[PDB]
Amino acid sequence: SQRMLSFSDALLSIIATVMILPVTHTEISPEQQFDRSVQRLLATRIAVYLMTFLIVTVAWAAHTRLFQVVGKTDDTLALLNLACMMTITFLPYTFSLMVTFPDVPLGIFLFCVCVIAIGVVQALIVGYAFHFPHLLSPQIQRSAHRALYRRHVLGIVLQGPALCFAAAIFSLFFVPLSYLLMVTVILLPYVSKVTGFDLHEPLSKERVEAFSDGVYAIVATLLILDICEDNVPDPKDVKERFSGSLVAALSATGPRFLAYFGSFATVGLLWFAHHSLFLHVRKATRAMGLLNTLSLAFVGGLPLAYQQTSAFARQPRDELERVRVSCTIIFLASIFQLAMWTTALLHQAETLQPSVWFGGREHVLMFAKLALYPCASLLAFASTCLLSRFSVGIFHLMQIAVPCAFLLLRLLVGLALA
Amino acid sequence: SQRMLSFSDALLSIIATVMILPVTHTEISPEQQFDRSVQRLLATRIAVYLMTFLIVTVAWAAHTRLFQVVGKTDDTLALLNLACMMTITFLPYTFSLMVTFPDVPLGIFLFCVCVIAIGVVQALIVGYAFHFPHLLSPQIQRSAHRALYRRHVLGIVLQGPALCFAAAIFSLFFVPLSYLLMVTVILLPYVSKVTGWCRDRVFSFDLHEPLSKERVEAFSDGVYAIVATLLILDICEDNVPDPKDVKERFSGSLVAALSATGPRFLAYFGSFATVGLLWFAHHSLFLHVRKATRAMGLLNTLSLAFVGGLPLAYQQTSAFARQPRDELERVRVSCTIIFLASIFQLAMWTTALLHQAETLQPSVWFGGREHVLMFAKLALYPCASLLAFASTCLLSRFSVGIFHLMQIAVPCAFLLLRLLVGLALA
Ligand SMILES: [K+]
Ligand SMILES: [K+]
Ligand SMILES: [K+]
């Protein structure tokens, strides 16, 4: 039913951040001046993770549309969806393999086989669907119609794997330069025919909500995912710390614990802003999901920043650029959430059900609730005008503290009306 | 007004499974003769994982009971729930610290402090709720009542942290020999109030009720996805062919150095199939469950535990460790794992037990429309696992592969394998 999408999107959420693990798992230890090559590696892994989320979310969106055109499902449909998931989950690893092995044919060959498989599987789940129009087709407009939808939906589903088969036969047998014929497989679902039926309708609100909640949950506890399996003090530590006194050898994990606490607090607060926004969103538009994807990507990036902030690498005097990085990451991951909300200029009639319209009941409330994080990150970014850059700690402390008394911070403006 | 609970349990799922990472991350290679030490370490880690899942699941049950005794949600309530989720997230690491340091009082102290944390924030949640009846009360039952429901729910929420307070002070009182008050914390809200003593005096329900079907459904989906992709986490993060490999494999030819991950590649390719099939059985079952009783969730917890255990089994099967002639018993253990993880599902099913009036809405009753279909779809896995367990009757133990391939294959033709019995009626 609609429940089968819950698992098949929680799985996609947890597969959309599988490539974030090597970002945090790599060390930033100053043991060598290799910081040049280490940074060359960190930027590579970041560019691999950001091109993984933005290649899994589009698959998730094609999948969510296809399951929006097959609304009611049964056993065989659940099996075919499971197969489609088994194929989609192979996207991050194979994409990493292709990026790390560019000039070798097998890499992009496997990546294009990986996308061809999910394409043909979805084609199967839509053919089996349209062979049972009474049972599995969504509604009357898709049930009783010209019955010509099959052609258009098969096209919109198979264009991915077909363009891919083209890019694969052209891939590296000759001229491995036109494999941009692959990178154009992402634009067509998002926008190519909009500027160049109507199955291109915006996603369902519940689906993007569940995906965002999944990717917030995983990226919050991503730190505790290793602070638990690494920082067990290893009772052989009796020789370490010159003595026993478990608290002594445990205090070594103090920086990582202060990194976690902050990372989870910030990710949970960003999730709270996202949830207070999506609680009033009536019908998530296309631009809504487009902004949400990037917001989620930078949120997924965030834990690396929070880890780098609470590290004490060498020459830690002119290396205060770490707070600049950990603040620009927050400023991106939250300014995109704020853009999601400010995309209500004239769509407020359709979207944003009338409780937060221009001059609504709690308009300023949610507005400032969402704009609280970009401004708070900007305030810390402004540390370039002073030297006490450690103010980031106290600032994010009061930041987390605000949303409690922030109903009354709004009453402050209410009384400032006069 | 309930998406917050969805996020809370989708986070509690990964927090529950966080302790399964070191089990799979262990070294199964026997390249050094240390089978005894590695086996003891693996047993230790499995025990820690099982205890961790049990404690996090009982904490999650308490949390969902509380958030069922409060229907609506406010911003302050959302922040309090976030603090609760953080404090309860800190449970697995602290429990591992305690189990690896039982004699030192610091571990038990930190664990019962991590209880005195969550517990107290749930007390604060329910206090804030009862200070706003017309706003955050669940239904007219709690809205219009004697208002001693607060006096009862504070008790049922704080009786745990109080026991942990006692355990923590006994930890440093002298010789913490007992230290078992945490077991009493785990055991009381399940059996004690149901059997030992109840409090009353006007009183309808909602002391400790069966969990909401949506909550346990979302938790099961979370953990199932988390394992099915737990194997892919490792295969994706730690098996990049390292372009330095131009010296490795004695040549280039990326397929050469890529075939090295083949064993664990197919291991994941089978583990995902099996875990997804188990989830499909769960989804088919819970689609007809009307009102999941308490024993239903109790059995579902153990089912999820052994499901989370499964990846270790599927890694053990596809291993080619030293002396691979008499060590075939990897298939034995990996089959008992599946057998448990699915027979608990079958037991959740067989908890119909004339409760068809309440549970199992009238489509799967004795003599229902497809009761035989549901029974077979749920019992396909334990029966096939026992068939593979029967490998002890011969030597061709490799039959596990073909039999599990057939297991995946059956539910595609299940609607006709049931028609087989339908025609066999005559
Ligand atoms: K979920
Ligand atoms: K998850
Ligand atoms: K994970």
# chains A, B, ... in the order shown; residues from 1 in each chain; ligands from 1
$ interface_residues --of "chain B" --to "chain A" --cutoff "8 Å" --atoms "only C-alpha atoms" --output "PyMOL selection string"
chain B and resi 1+3-4+6-7+10-11+14-15+18-19+21-22+75-76+78-79+82+86+89+92-93+96-97+100-101+104+106+218+221-222+225-226+229+232-233+235-237+240-243+254-255+272-273+276+280+283-284+411-412
$ atom_distance --atom1 "CA of residue 382 (chain B)" --atom2 "CA of residue 213 (chain B)"
24.3 Å
$ select_by_dssp --residues "region 228-340 of chain B" --states "helix (DSSP H, G or I)" --output "ChimeraX atom specification"
/B:228,230-237,243-246,248-250,255-286,294-317,329-340
$ closest_residue --among "B:120, B:231, B:333, B:216" --to "ligand 1" --atoms "only C-alpha atoms and all ligand atoms"
B:216
$ residues_around --residues "residue 291 (chain A)" --least-positions-apart "2" --cutoff "7 Å" --atoms "only C-alpha atoms" --output "PyMOL selection string"
chain A and resi 287-289+293-295+336-337+339-340
